[PDB]
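Here the structure is laid out as structure tokens; the discussion comes afterwards.
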Amino acid sequence: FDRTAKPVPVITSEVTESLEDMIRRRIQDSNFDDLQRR
Amino acid sequence: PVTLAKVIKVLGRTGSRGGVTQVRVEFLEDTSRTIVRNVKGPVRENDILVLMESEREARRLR
Amino acid sequence: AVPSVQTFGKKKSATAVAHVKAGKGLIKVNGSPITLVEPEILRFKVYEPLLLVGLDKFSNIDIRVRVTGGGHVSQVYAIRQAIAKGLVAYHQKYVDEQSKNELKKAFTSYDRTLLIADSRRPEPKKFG
Amino acid sequence: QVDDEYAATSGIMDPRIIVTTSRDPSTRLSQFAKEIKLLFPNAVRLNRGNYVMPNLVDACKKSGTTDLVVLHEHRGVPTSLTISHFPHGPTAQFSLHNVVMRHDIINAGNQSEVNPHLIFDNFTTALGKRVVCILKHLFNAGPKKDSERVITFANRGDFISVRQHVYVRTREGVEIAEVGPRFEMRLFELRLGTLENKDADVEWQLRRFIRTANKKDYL
Amino acid sequence: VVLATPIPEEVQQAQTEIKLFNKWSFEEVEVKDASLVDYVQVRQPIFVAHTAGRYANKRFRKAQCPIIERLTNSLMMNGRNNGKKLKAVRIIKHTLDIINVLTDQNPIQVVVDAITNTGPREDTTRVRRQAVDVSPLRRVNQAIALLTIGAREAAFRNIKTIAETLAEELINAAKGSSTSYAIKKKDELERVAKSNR
Amino acid sequence: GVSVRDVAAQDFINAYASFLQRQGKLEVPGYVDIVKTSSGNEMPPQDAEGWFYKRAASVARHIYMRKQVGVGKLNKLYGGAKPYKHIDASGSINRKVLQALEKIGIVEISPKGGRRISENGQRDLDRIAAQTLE
Amino acid sequence: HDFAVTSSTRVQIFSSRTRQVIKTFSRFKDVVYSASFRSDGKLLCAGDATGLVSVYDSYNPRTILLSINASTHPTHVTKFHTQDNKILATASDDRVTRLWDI
Amino acid sequence: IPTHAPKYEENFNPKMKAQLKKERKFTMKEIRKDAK
Amino acid sequence: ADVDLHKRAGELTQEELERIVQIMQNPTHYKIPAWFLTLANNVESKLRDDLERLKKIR
Amino acid sequence: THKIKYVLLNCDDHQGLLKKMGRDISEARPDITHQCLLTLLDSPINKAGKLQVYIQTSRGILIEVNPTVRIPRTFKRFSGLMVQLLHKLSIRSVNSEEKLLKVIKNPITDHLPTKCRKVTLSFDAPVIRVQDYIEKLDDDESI
Amino acid sequence: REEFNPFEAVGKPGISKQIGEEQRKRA
Amino acid sequence: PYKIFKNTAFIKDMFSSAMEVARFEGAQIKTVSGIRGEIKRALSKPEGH
RNA sequence: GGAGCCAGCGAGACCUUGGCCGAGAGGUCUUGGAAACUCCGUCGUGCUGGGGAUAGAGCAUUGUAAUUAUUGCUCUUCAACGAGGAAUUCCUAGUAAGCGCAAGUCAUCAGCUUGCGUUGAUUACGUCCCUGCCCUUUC
Ligand SMILES: [Mg+2]
Ligand SMILES: [Mg+2]
Ligand SMILES: [Mg+2]
Ligand SMILES: [Mg+2]
Ligand SMILES: [Mg+2]
């Protein structure tokens, strides 16, 4: 049967590993999307 | 009888323990005589305080 | 027409509308006498204006107060504020200015909250 | 460029943040309100005891606040979050899913309150840029290069995953230790005005029953 | 002068002098210990305890609070009674009536005697324990708390009501008898401080 | 000159309730002694002999202050809290009271429904307003 | 000058002018044996078959101001001393007439 | 002084309609997780 | 019974107590109003069967 | 207590499990406690109602023993009682009128009488005659 | 890396919902 | 439907027990008129609502 | 148990003001589209006139075609509960806390969410001593 809405996303271990990869992966390159004094 | 003292100055930056205030008080019996004491409760200038002992001088209680 | 003035007294949600006209000293609240105002413990509170300025001034006027809103205490404060404001307004409109000045003087000497609305404004003690 | 509401103060003055809750909050929303405060370096927690919304916004504006955060719950489970930017908006409302507080960890310890590094991932659409602008300015400008604290906002199918980690630069990579809390946040309303003004024009709304709501992506 | 409202003669006597509940004069009430003066206030007469004053604004306005009002506020505890001031006022009125009956002395005077007597002059602070003095505001606060707590606990599940147990506690404290629970606690605190003096 | 509103709320009700009991012309149904006056109530009125007359006395004013009265308003007027439901007072007693009063002539059927304080009744009320004062 | 009557387990105060009960004192559990007033009349004392003697504020039934258990035996007579207020005398079937103080 | 025996279960455990409710909850609870 | 309620149960005189007995035993005579005077196991088994089928799904 | 069923941990019955818990079994003998309350509860002083019993479990748990109680004599049943008291915090009578055993808040002193004398059993301490000790002692206080 | 993920310092019981899903995944 | 409060409504006879509702939480539904909706939550009392 | 009484939020046939019945629940005939609290009374330290679970007998509502459930009212029956261990969370003025009322307005919520009003306090409002988080030393 059909559903109206998106299902709420689920934080599996693989999702954490993929997310935690990107968090670590970025930091090597020091690429932080940050506000800086203008 | 317990001697009386009216506060004249609330001392600051005395390093007293939390909840303790070091104050300077003048005896009602003798205005000139002044003693430094420690207060566990609230206190300002011009309020009157009980001194069971009039000889002890206050020391920083850490 | 008959000289008359209208005033409003507010405390929290309580609002009292007072009509003061030329009369023979009849004071009523919600169609009832000021003597039957409830709570009785706070009746003296509603008596505060009448006793302060002396009863003779009211003897030449009728005051009708209708109260709506708030609780019992707030309603009592609304009634006393409305009565005081109505008396001062009537004296200003149809009586000499010295009388209104003396009323305001002894009045604010006793209690300013009776004329000026008292608002227990919330205050953010915490910074920000 | 930076939005007009933020252009004047973008990269000049640090923000002032107010975090509060609904009337008669449950216990947990009190703790969860704190964790939001600790998340934002310049946030201060205030009790909403009998405070009325026009009174709240006006009092906050008088004191010079930049943004307001109001939080809702259901049986102590944080359900919604709303962020209102002063003086004239915008107001964004957010729905919380999979919320996991830090009080919910044993022996976790205290947070570091240094200015954190920020990561915004998978924000592509114009609305995606707008929401990023709203969230970016909650924090101070100019975090130190060696700051060990990182906050990430990762967009996965309009469900923004929020995480807080502390990293250590090792000789052969980085190791990140999560601090929490964990929660998934989704936009469903964005209005041009303060939260009090219910009549403010809606910049954007989420249509929940559109037949493609099943597979429509907005961020 | 003819007005709708007539003034009873009792109201005229009240106009002559302000008395608590239109029954008790503050004129003869004095604090025995000169120190508790300016922290135990009886100089301003009040007809009823209710005042709607702002005493939590600055640290010390509670000092200026009438002590009868202080006792009334301290009474309404335990959650079920929170916010219930007027019942506390009635309880205090009945308690003063009882105290007047048992002792012909002014129940206001009995109250000030009890609060003065039960004030712990010396206490302890955890370091073990070390003895230190007590400030008069702390003395009066602790005294009211102990008296109210003793009266409450005594009649919590007893045939005695709150009013009569409160009257008994006040009378015993004023006498200085050990029967008063507050007197026992004060004496024990002072003894413990003396042990660690 | 004397009016019901000029009298303290409790005083005349006791006075007027005595008058109804003293008069003896107020019809009282048999089931007064067995009823609780409301579902929320737990026990019948303690003053079994006089409560209906006092019930009549209180009703006899609320028509005076408010010209129009119906059974529905009296039920809500005397209703009370029981989650709370705020059940209204039992309808049967108030209807009998309204019928009982108009038999004496204290009240009568008003236009557009309800009961009006009869010109005889308002005069009667203004009396027992008086002897309370004197 | 309202007069008090001791009957059954209760004491009733009658108004002189109205000649009708104005105060009814029913807290007494067993048979009541006295209703004597003090000289001022602000107090009234009473005796009970249980031997407990109770002191009430006249016209205020509710408050038990002083409750004393004179003896296990019945206390039939309780009288305030006319000259001195503070002392209250109690007689019992124990055949000892204790003189109590408030 | 009075003496009264203690009331206890010989082997303590840390009517049928009530069990139906608990087994409903467990059976109820599982259903959403599959549906989700 | 025309018996004052404030009275204790001890004091009662004989005639009123007999009257009370008559009232209780003869309510209708004195006009007392009338108004004043496995499947679950099967459902349990069915729930268990549904639970077992549900396990079979998985 | 510990689930195997929660059983009152015994020095002899459960030696391996207490080894797994790491607690020395030598101090795992509730029988000594049981014997003390038996002779204590059945003493004439208890039956005369001038004795009340306090138990401080080694873990730090304080128990009230109402003088009215009548424990089972068999130790096996007694263990059955003790496991429950720890779990329910209380014990109720068969007739359901009074709570016989109740766990309570530490420290003991607040439950101890306001005027009271305290002594311990030390073999090294000087030997004293208990009758003399109580006789020389006051009356309003408590021991 | 594994040690310093308390959600999977240790969390309270019931925080992580991994066991159900991997079992749903197996099904 | 048996009760209506603006967008929100309670419906009956769709399901015999609450067990059935939980299986169908969030499902698409629509009326004969064509207004679309969603199964939000099962009501504890009565069963199936 | 009586008697006295005060709110502010809120508008998508079905709702309703009013009359007549019934102890109540609830029926029938018509018109338009608040509590907490105050005063006086009864009980009285007794698991008691606190508590209302379970159970029995009735009087009604809603469907639907079953003697099926459903939701109320009346009488009787009258349980656990006697202030809560080890531990633990939060809190500074209209604040804690108590009290009721209203709307369910695309996320969440169905005796739960939000909002509204009413009663209204004790203590603290100083300190870096302990703990923790920071700033400075163009030392
Ligand atoms: Mg609420
Ligand atoms: Mg909430
Ligand atoms: Mg009441
Ligand atoms: Mg609250
Ligand atoms: Mg501060």
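Here's how to read the names in the structure tokens: chain A, B, ... by the order shown, residue numbers from 1 in each chain, ligand numbers from 1 in the order shown.
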
Using DSSP secondary structure from the backbone, list all alpha helix (DSSP H) positions within stretch 31-201 of chain D, as a PyMOL selection string. chain D and resi 31-39+53-62+126-136

Same residues, N, CA, C and O atoms, output as a compact mmCIF listing (two decimals), in the first residue's frame:
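Generated file (again28.txt):
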# COMPACT_ATOMS: atom_id res chain seq x y z
N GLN D 31 16.64 19.80 29.87
CA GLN D 31 17.99 19.34 29.54
C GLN D 31 18.28 19.53 28.06
O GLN D 31 19.34 20.04 27.69
N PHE D 32 17.35 19.12 27.20
CA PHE D 32 17.58 19.25 25.76
C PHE D 32 17.77 20.71 25.38
O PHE D 32 18.57 21.03 24.49
N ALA D 33 17.05 21.62 26.04
CA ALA D 33 17.26 23.04 25.81
C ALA D 33 18.68 23.45 26.17
O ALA D 33 19.30 24.26 25.48
N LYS D 34 19.22 22.88 27.26
CA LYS D 34 20.60 23.18 27.63
C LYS D 34 21.56 22.72 26.54
O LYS D 34 22.46 23.46 26.14
N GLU D 35 21.38 21.50 26.03
CA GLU D 35 22.31 20.96 25.05
C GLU D 35 22.31 21.80 23.78
O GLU D 35 23.34 21.92 23.11
N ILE D 36 21.17 22.39 23.44
CA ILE D 36 21.15 23.35 22.35
C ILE D 36 21.95 24.59 22.74
O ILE D 36 22.69 25.15 21.92
N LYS D 37 21.83 25.03 23.99
CA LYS D 37 22.61 26.18 24.44
C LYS D 37 24.10 25.88 24.36
O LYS D 37 24.87 26.70 23.85
N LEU D 38 24.52 24.72 24.85
CA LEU D 38 25.93 24.37 24.79
C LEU D 38 26.38 24.18 23.35
O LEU D 38 27.56 24.39 23.02
N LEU D 39 25.46 23.78 22.46
CA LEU D 39 25.81 23.67 21.05
C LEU D 39 26.17 25.03 20.46
O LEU D 39 27.14 25.14 19.71
N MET D 53 4.07 35.44 23.88
CA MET D 53 4.93 35.54 22.70
C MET D 53 5.21 36.97 22.27
O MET D 53 6.39 37.29 22.03
N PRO D 54 4.23 37.88 22.15
CA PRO D 54 4.60 39.28 21.85
C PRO D 54 5.47 39.90 22.92
O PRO D 54 6.34 40.73 22.60
N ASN D 55 5.28 39.52 24.18
CA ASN D 55 6.16 39.99 25.24
C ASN D 55 7.56 39.40 25.09
O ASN D 55 8.56 40.08 25.31
N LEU D 56 7.64 38.12 24.72
CA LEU D 56 8.94 37.47 24.58
C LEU D 56 9.76 38.12 23.48
O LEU D 56 10.92 38.50 23.69
N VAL D 57 9.17 38.28 22.29
CA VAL D 57 9.92 38.84 21.17
C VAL D 57 10.30 40.29 21.46
O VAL D 57 11.44 40.70 21.21
N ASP D 58 9.37 41.08 21.98
CA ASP D 58 9.67 42.48 22.25
C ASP D 58 10.75 42.61 23.31
O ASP D 58 11.67 43.42 23.17
N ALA D 59 10.66 41.82 24.38
CA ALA D 59 11.68 41.86 25.41
C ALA D 59 13.04 41.44 24.86
O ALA D 59 14.07 42.03 25.21
N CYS D 60 13.06 40.42 24.01
CA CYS D 60 14.33 39.97 23.43
C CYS D 60 14.91 41.02 22.50
O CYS D 60 16.13 41.25 22.50
N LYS D 61 14.07 41.68 21.69
CA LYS D 61 14.57 42.72 20.80
C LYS D 61 15.15 43.89 21.60
O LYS D 61 16.22 44.41 21.26
N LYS D 62 14.47 44.30 22.67
CA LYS D 62 14.99 45.38 23.50
C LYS D 62 16.39 45.06 24.01
O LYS D 62 17.27 45.93 24.00
N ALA D 126 18.52 26.49 -4.16
CA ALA D 126 18.48 27.84 -3.60
C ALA D 126 17.94 27.82 -2.18
O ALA D 126 18.48 28.49 -1.29
N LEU D 127 16.88 27.04 -1.94
CA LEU D 127 16.41 26.85 -0.58
C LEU D 127 17.49 26.21 0.28
O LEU D 127 17.62 26.54 1.47
N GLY D 128 18.27 25.30 -0.30
CA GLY D 128 19.39 24.73 0.43
C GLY D 128 20.39 25.78 0.86
O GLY D 128 20.94 25.71 1.96
N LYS D 129 20.66 26.75 -0.01
CA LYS D 129 21.57 27.84 0.36
C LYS D 129 20.95 28.72 1.44
O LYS D 129 21.65 29.19 2.34
N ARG D 130 19.64 28.96 1.36
CA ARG D 130 18.99 29.80 2.36
C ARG D 130 19.09 29.17 3.75
O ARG D 130 19.52 29.83 4.70
N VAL D 131 18.72 27.90 3.88
CA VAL D 131 18.76 27.25 5.19
C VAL D 131 20.18 27.24 5.74
O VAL D 131 20.40 27.40 6.94
N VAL D 132 21.17 27.06 4.86
CA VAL D 132 22.56 27.13 5.29
C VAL D 132 22.87 28.51 5.84
O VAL D 132 23.55 28.65 6.87
N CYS D 133 22.38 29.56 5.17
CA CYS D 133 22.61 30.91 5.66
C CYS D 133 22.00 31.11 7.04
O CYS D 133 22.62 31.72 7.92
N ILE D 134 20.79 30.59 7.26
CA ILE D 134 20.14 30.74 8.56
C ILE D 134 20.98 30.07 9.64
O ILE D 134 21.20 30.64 10.72
N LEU D 135 21.47 28.86 9.37
CA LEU D 135 22.18 28.10 10.40
C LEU D 135 23.59 28.62 10.61
O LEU D 135 24.12 28.56 11.73
N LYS D 136 24.23 29.13 9.55
CA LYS D 136 25.63 29.56 9.67
C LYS D 136 25.79 30.68 10.68
O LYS D 136 26.73 30.67 11.49

Contacts from chain B to chain E, 9 Å maximum, only C-alpha atoms: show me the residue list as a PyMOL selection string. chain B and resi 1-5+38-44+47-52

Given the selection you just returned, output its residues as a file containing N, CA, C and O atoms, formatted as a PDB file, in the first residue's frame.
ATOM      1  N   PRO B   1      24.622  38.562  77.909  1.00  0.00           N
ATOM      2  CA  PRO B   1      24.589  39.608  76.881  1.00  0.00           C
ATOM      3  C   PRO B   1      25.549  39.339  75.727  1.00  0.00           C
ATOM      4  O   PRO B   1      26.630  38.787  75.933  1.00  0.00           O
ATOM      5  N   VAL B   2      25.141  39.727  74.523  1.00  0.00           N
ATOM      6  CA  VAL B   2      25.937  39.569  73.312  1.00  0.00           C
ATOM      7  C   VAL B   2      26.106  40.941  72.678  1.00  0.00           C
ATOM      8  O   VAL B   2      25.128  41.677  72.505  1.00  0.00           O
ATOM      9  N   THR B   3      27.344  41.288  72.337  1.00  0.00           N
ATOM     10  CA  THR B   3      27.617  42.644  71.886  1.00  0.00           C
ATOM     11  C   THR B   3      27.007  42.891  70.510  1.00  0.00           C
ATOM     12  O   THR B   3      26.651  41.961  69.782  1.00  0.00           O
ATOM     13  N   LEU B   4      26.876  44.170  70.169  1.00  0.00           N
ATOM     14  CA  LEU B   4      26.173  44.613  68.973  1.00  0.00           C
ATOM     15  C   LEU B   4      27.154  45.309  68.044  1.00  0.00           C
ATOM     16  O   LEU B   4      28.067  45.998  68.512  1.00  0.00           O
ATOM     17  N   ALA B   5      26.978  45.132  66.732  1.00  0.00           N
ATOM     18  CA  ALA B   5      27.817  45.842  65.773  1.00  0.00           C
ATOM     19  C   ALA B   5      27.044  46.160  64.500  1.00  0.00           C
ATOM     20  O   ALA B   5      26.459  45.264  63.889  1.00  0.00           O
ATOM     21  N   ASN B  38      33.182  37.720  59.797  1.00  0.00           N
ATOM     22  CA  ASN B  38      32.688  36.898  58.701  1.00  0.00           C
ATOM     23  C   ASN B  38      31.199  36.659  58.898  1.00  0.00           C
ATOM     24  O   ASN B  38      30.747  36.436  60.026  1.00  0.00           O
ATOM     25  N   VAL B  39      30.443  36.707  57.804  1.00  0.00           N
ATOM     26  CA  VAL B  39      28.997  36.534  57.824  1.00  0.00           C
ATOM     27  C   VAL B  39      28.667  35.333  56.953  1.00  0.00           C
ATOM     28  O   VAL B  39      29.053  35.285  55.779  1.00  0.00           O
ATOM     29  N   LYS B  40      27.941  34.373  57.520  1.00  0.00           N
ATOM     30  CA  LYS B  40      27.487  33.216  56.760  1.00  0.00           C
ATOM     31  C   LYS B  40      26.251  33.527  55.937  1.00  0.00           C
ATOM     32  O   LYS B  40      26.072  32.952  54.859  1.00  0.00           O
ATOM     33  N   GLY B  41      25.399  34.418  56.434  1.00  0.00           N
ATOM     34  CA  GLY B  41      24.214  34.828  55.729  1.00  0.00           C
ATOM     35  C   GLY B  41      24.365  36.195  55.096  1.00  0.00           C
ATOM     36  O   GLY B  41      25.458  36.763  55.019  1.00  0.00           O
ATOM     37  N   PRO B  42      23.258  36.734  54.598  1.00  0.00           N
ATOM     38  CA  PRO B  42      23.304  38.031  53.909  1.00  0.00           C
ATOM     39  C   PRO B  42      23.638  39.182  54.856  1.00  0.00           C
ATOM     40  O   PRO B  42      23.383  39.109  56.059  1.00  0.00           O
ATOM     41  N   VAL B  43      24.216  40.260  54.302  1.00  0.00           N
ATOM     42  CA  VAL B  43      24.650  41.420  55.081  1.00  0.00           C
ATOM     43  C   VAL B  43      24.947  42.620  54.180  1.00  0.00           C
ATOM     44  O   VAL B  43      25.473  42.467  53.072  1.00  0.00           O
ATOM     45  N   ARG B  44      24.602  43.827  54.659  1.00  0.00           N
ATOM     46  CA  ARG B  44      24.977  45.076  53.991  1.00  0.00           C
ATOM     47  C   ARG B  44      25.593  46.009  55.018  1.00  0.00           C
ATOM     48  O   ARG B  44      25.778  45.653  56.180  1.00  0.00           O
ATOM     49  N   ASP B  47      23.224  47.612  58.661  1.00  0.00           N
ATOM     50  CA  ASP B  47      22.472  46.611  59.405  1.00  0.00           C
ATOM     51  C   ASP B  47      23.262  46.176  60.633  1.00  0.00           C
ATOM     52  O   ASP B  47      24.487  46.313  60.694  1.00  0.00           O
ATOM     53  N   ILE B  48      22.543  45.645  61.621  1.00  0.00           N
ATOM     54  CA  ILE B  48      23.089  45.377  62.946  1.00  0.00           C
ATOM     55  C   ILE B  48      23.211  43.871  63.137  1.00  0.00           C
ATOM     56  O   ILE B  48      22.339  43.105  62.710  1.00  0.00           O
ATOM     57  N   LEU B  49      24.293  43.455  63.790  1.00  0.00           N
ATOM     58  CA  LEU B  49      24.695  42.063  63.889  1.00  0.00           C
ATOM     59  C   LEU B  49      25.058  41.713  65.327  1.00  0.00           C
ATOM     60  O   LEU B  49      25.544  42.557  66.093  1.00  0.00           O
ATOM     61  N   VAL B  50      24.835  40.443  65.661  1.00  0.00           N
ATOM     62  CA  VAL B  50      25.141  39.889  66.976  1.00  0.00           C
ATOM     63  C   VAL B  50      26.590  39.415  66.967  1.00  0.00           C
ATOM     64  O   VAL B  50      27.011  38.692  66.059  1.00  0.00           O
ATOM     65  N   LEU B  51      27.360  39.830  67.971  1.00  0.00           N
ATOM     66  CA  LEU B  51      28.697  39.305  68.214  1.00  0.00           C
ATOM     67  C   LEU B  51      28.677  38.630  69.581  1.00  0.00           C
ATOM     68  O   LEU B  51      28.665  39.309  70.616  1.00  0.00           O
ATOM     69  N   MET B  52      28.646  37.296  69.585  1.00  0.00           N
ATOM     70  CA  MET B  52      28.779  36.566  70.840  1.00  0.00           C
ATOM     71  C   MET B  52      30.157  36.787  71.450  1.00  0.00           C
ATOM     72  O   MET B  52      30.290  36.915  72.672  1.00  0.00           O
TER      73      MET B  52
END

Show me which residues line ligand 5, defined as having an atom within 10 Å of a ligand atom where only C-alpha atoms (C1' of nucleotides) and all ligand atoms count, and present them as JSON, numbers by chain. {"C": [125, 126], "M": [92, 124, 125, 126, 127]}

Create the file for the chosen residues now, containing C-alpha atoms (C1' of nucleotides) and written as a PDB file, in the first residue's frame.
ATOM      1  CA  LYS C 125      16.942  38.921  34.909  1.00  0.00           C
ATOM      2  CA  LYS C 126      19.113  36.467  32.976  1.00  0.00           C
TER       3      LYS C 126
ATOM      4  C1'   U M  92      15.768  32.570  41.236  1.00  0.00           C
ATOM      5  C1'   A M 124      19.518  32.731  46.690  1.00  0.00           C
ATOM      6  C1'   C M 125      20.644  37.675  43.729  1.00  0.00           C
ATOM      7  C1'   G M 126      27.790  37.260  46.772  1.00  0.00           C
ATOM      8  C1'   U M 127      32.094  34.328  45.544  1.00  0.00           C
TER       9        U M 127
END

Got a sec to check which residues lie within 10 Å of ligand 3, using only C-alpha atoms (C1' of nucleotides) and all ligand atoms, and send them as a PyMOL selection string? (chain F and resi 80-81) or (chain M and resi 1-2+36-38)

Please identify which residues in stretch 13-212 of chain D DSSP calls strand (DSSP E) from the backbone, and express them as a tab-separated table (two decimals) with C-alpha atoms, in the first residue's frame.
chain	number	residue	atom	x	y	z
D	17	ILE	CA	21.22	33.68	20.70
D	18	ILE	CA	18.22	33.00	22.96
D	19	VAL	CA	17.05	29.43	23.57
D	20	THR	CA	13.71	28.80	25.27
D	21	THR	CA	10.93	26.21	25.42
D	43	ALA	CA	23.42	31.02	23.55
D	44	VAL	CA	21.79	31.60	26.93
D	45	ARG	CA	18.96	29.54	28.41
D	67	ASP	CA	18.01	34.96	17.04
D	68	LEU	CA	15.49	33.10	19.19
D	69	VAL	CA	15.18	29.32	19.54
D	70	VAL	CA	11.91	27.84	20.82
D	71	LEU	CA	11.58	24.10	21.43
D	72	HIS	CA	8.60	21.75	21.64
D	73	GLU	CA	8.22	18.22	22.97
D	74	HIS	CA	5.79	15.32	23.35
D	77	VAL	CA	10.72	13.75	23.46
D	78	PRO	CA	11.91	16.84	21.52
D	79	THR	CA	9.58	17.10	18.52
D	80	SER	CA	10.09	20.51	16.91
D	81	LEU	CA	12.57	23.38	16.80
D	82	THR	CA	11.98	26.89	15.47
D	83	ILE	CA	14.53	29.64	14.79
D	84	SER	CA	13.43	33.26	14.39
D	85	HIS	CA	15.82	35.95	13.16
D	91	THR	CA	11.36	32.41	10.90
D	92	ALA	CA	12.22	28.76	10.21
D	93	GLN	CA	10.46	25.81	11.85
D	94	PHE	CA	12.08	22.40	12.17
D	95	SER	CA	10.94	18.88	13.06
D	96	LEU	CA	13.18	16.65	15.17
D	97	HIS	CA	13.57	12.91	14.62
D	98	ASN	CA	15.87	10.32	16.20
D	99	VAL	CA	16.82	12.79	18.93
D	100	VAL	CA	19.53	11.47	21.27
D	105	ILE	CA	25.22	8.86	27.83
D	106	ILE	CA	27.01	7.50	30.93
D	117	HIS	CA	34.43	24.31	12.81
D	118	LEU	CA	31.37	23.99	10.59
D	119	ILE	CA	30.55	21.59	7.74
D	120	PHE	CA	27.56	22.02	5.41
D	121	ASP	CA	27.19	19.07	3.03
D	149	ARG	CA	35.57	21.04	17.78
D	150	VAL	CA	33.52	20.41	14.63
D	151	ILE	CA	29.78	20.70	14.00
D	152	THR	CA	28.38	19.19	10.80
D	153	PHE	CA	25.04	19.64	9.04
D	154	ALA	CA	24.66	16.86	6.47
D	155	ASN	CA	21.70	16.91	4.08
D	156	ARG	CA	20.42	13.42	3.23
D	159	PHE	CA	16.73	15.14	6.64
D	160	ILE	CA	19.64	17.18	7.97
D	161	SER	CA	21.77	15.05	10.29
D	162	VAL	CA	23.36	17.07	13.10
D	163	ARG	CA	26.49	15.77	14.81
D	164	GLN	CA	29.16	17.15	17.14
D	165	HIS	CA	32.68	15.71	17.18
D	166	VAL	CA	36.14	16.52	18.50
D	167	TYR	CA	39.07	15.57	16.27
D	168	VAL	CA	42.77	14.91	16.84
D	169	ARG	CA	45.17	15.30	13.92
D	170	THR	CA	47.29	12.14	13.91
D	173	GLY	CA	44.95	10.77	9.43
D	174	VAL	CA	42.36	12.16	11.83
D	175	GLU	CA	40.35	10.46	14.56
D	176	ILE	CA	37.01	12.02	15.52
D	177	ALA	CA	35.21	11.40	18.80
D	178	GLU	CA	31.50	12.19	18.75
D	182	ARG	CA	22.24	13.21	17.59
D	183	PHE	CA	19.09	14.46	15.91
D	184	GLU	CA	17.63	14.71	12.41
D	185	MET	CA	16.12	18.07	11.49
D	186	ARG	CA	13.88	18.88	8.50
D	187	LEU	CA	12.46	22.18	7.27
D	188	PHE	CA	8.68	22.36	6.91
D	189	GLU	CA	8.01	26.12	7.15
D	190	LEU	CA	9.88	29.35	6.42
D	191	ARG	CA	8.20	32.72	6.96
D	192	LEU	CA	9.25	36.33	6.32
D	201	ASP	CA	4.17	36.05	4.48
D	202	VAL	CA	5.41	32.50	3.91
D	203	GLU	CA	8.63	32.37	1.92
D	204	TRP	CA	8.26	28.59	1.64
D	205	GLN	CA	6.10	25.77	3.00

For residue G:76, please output as a PyMOL selection string all residues within 12 Å (counting only C-alpha atoms (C1' of nucleotides); exclusion window: fewer than 4 positions along the same chain). chain G and resi 6+30-36+45-53+70-71+89-97

Residues contacting ligand 2 - anything with an atom at most 9 Å away, using only C-alpha atoms (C1' of nucleotides) and all ligand atoms - can you give me those as JSON, numbers by chain? {"D": [21, 22, 23, 24, 25, 26, 29, 72, 73, 74, 75, 76], "M": [113, 114]}

If we count only C-alpha atoms (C1' of nucleotides), what is near residue F:68 at a cut-off of 8 Å, once residues fewer than 6 positions away on the same chain are taken out, given as a ChimeraX atom specification? /F:110,113-116

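When atom CA of residue H:27 is paired with atom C1' of residue M:80, their separation reads 28.7 Å.
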
Within 12 Å of ligand 4, counting only C-alpha atoms (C1' of nucleotides) and all ligand atoms: which residues, as a PyMOL selection string? (chain D and resi 23-27+48-50) or (chain E and resi 79+82-83) or (chain M and resi 91+95-99+120)

Exercise answer, chain A residues close to chain H, 12 Å and only C-alpha atoms, as number ranges by chain: A: 1-3, 5-10

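Note that the spacing between atom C1' of residue M:116 and atom CA of residue F:79 amounts to 22.8 Å.
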
May I have the residues within 10 Å of residue K:27 as a ChimeraX atom specification, using only C-alpha atoms (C1' of nucleotides) and disregarding those fewer than 5 positions away in the same chain? /I:57-58 /K:21-22

Near stretch 39-54 of chain I, counting only C-alpha atoms (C1' of nucleotides), which residues have an atom at most 10 Å away, once you skip same-chain residues fewer than 3 positions from it, shown as a list in words?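 That gives residues 16, 17, 19, 20, 21, 23, 24, 26, 27, 28, 30 and 31 of chain H; 57 and 58 of chain I.
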
Taking only C-alpha atoms into account, which residues of chain I are within 9 Å of chain G, as an MDAnalysis selection string? chainID I and resid 6:8 11
